[PDB]
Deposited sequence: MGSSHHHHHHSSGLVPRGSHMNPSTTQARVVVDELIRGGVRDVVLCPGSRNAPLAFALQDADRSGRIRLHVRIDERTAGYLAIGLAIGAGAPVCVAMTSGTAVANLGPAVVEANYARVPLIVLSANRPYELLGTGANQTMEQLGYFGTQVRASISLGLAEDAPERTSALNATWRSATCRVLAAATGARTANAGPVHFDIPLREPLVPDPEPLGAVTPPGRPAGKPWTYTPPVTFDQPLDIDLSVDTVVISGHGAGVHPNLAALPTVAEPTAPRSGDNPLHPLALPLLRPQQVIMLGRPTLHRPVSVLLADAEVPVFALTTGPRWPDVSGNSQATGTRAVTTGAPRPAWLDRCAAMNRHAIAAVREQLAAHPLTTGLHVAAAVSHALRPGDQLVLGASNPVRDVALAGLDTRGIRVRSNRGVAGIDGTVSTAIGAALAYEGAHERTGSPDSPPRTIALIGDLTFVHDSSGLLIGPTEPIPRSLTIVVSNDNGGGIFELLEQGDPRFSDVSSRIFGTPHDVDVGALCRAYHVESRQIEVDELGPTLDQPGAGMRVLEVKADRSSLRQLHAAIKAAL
């Protein structure tokens, strides 16, 4: 009955690319928990257990953004819907394929806008196997954006052995969708590119002056520091993805005289104060920038880069901007960088990190302090899972403010049977607070140490024994 379906659902999820499931102990109990246990011991799926339902949601988000695969989270409680809320909101705005599994019972008496779909299974053979597997492929497709190009969370409810397809394939195969919507842009108009979360890669814009957020993959080689923007007057703005970070960016995007062209990978598009003139997925370009425009942009960029480096050296104290500058100087191709969505991602932008070669993650969907520790842990687990399937696991470095670390300190309560990352290092920046991070870390039995900003590079260079936290005052 509900045992046979549970095993078909799990098998179909695995065939759809689910490698990780996060589970919470329940007031009742997890839809298909035994079938998940079975798949874990088999090596087919990796299970993760957490007491806190909220940090469980962010652990799954991390497991999704670390290598780009869909992830399941099995609710089990009367508190569960409400605790996963923040993670579902983040998964919606950041377009993260989070599958929320649950169970409600038909035999007993009885997320809305944020999810891409709400699918309920038939309660309860050969034909029924086909109805269970199609439903699960539909869950996966909506979650991964396979048809919509708009990934996001999905609520999948199971009301509480038979073969799938030959050769391990999804019951219902849905190939890669190409979403495409070309836009004429003339590049001899003085243009700046603003790159935000979820931006695509555009080789025909690679030469333009580009203000790129740390999570935005860069198409080229001509960066423009954000603090250089108020010193320039673009006639035209190309906006990739959804940029939120800086005030001169918002000011420029809300200037009625400056045409903004929005280029996205999915069907959503943003505005600031309704001044977007046109949408697309890519540009068909004519012209080339004025050399005088490029020179001026380049000069204002050196000028801004210089004024940050000077005022950092000018300051005796170690601010959070010094910490960001030292982390950036220490990263190397192949690293994953996970940034807290508040000050870390802003400080890394100002310190001028060159992100090419680096996999940068941040919960930019709602930019909440919430959940950064579990997100970093989940990203590291999934990223190291990807490397294992190809020498030593590549580093994951996380930058987190001290309030954010203590807020999500529950992410550190990991039982000894649960998967732990090999190469995660969390750098905490201690900028009215009073908490002792070192006591916090020993309470949860996590190697921790205070260090000066000068020594972060060398300390980061030496592989640590597992999960560690570096506190910087």
### Message
From the N-terminus onward, what segments of the deposited sequence lack any C-alpha atom in this model?
### Response
1 to 22, 133 to 145, 160 to 165, 202 to 215, 446 to 448, 490 to 515, 558 to 574
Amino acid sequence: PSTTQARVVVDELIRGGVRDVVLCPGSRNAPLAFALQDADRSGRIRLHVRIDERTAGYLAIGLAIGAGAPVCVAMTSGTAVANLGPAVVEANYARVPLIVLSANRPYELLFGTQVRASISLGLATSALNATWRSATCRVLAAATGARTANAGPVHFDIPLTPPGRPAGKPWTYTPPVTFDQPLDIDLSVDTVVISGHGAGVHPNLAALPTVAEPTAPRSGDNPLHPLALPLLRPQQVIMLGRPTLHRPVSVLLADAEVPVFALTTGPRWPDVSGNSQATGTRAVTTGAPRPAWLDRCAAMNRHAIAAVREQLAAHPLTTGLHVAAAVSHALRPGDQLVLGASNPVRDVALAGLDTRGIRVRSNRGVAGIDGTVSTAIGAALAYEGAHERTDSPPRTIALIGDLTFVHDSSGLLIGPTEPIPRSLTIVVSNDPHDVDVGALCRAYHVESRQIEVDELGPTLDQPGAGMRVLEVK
From here on, numbers count along this sequence of modelled residues.
### Task
Quick one: say whether 13 to 21 or 449 to 457 has the higher mean Cα B-factor in the deposited entry.
449 to 457
### Message
So, looking at the entry's B-factor column for Cα atoms, which has the higher mean, 289 to 297 or 170 to 178?
### Response
170 to 178
### Query
Looking at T55, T425, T404, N29, which has the highest CA B-factor as recorded?
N29
### Task
Would you mind checking which of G85, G365, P316, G266 has the top Cα temperature factor in the PDB entry?
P316
#### Entry: Chain-relative CA temperature factor third for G62
lowest
## Note on the structure
Quick tally, chain-level thirds of C-alpha B-factors: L470 sits in the lowest
### Query
If you rank every modelled residue in this chain by C-alpha B factor, which third holds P333: lowest, middle or highest?
middle
### Task
Could you say whether, by C-alpha temperature factor, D184 belongs to the lowest, middle or highest third of its chain?
middle
### Query
In terms of the CA temperature factor given in the entry, to which third of its chain does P416 belong: lowest, middle or highest?
highest
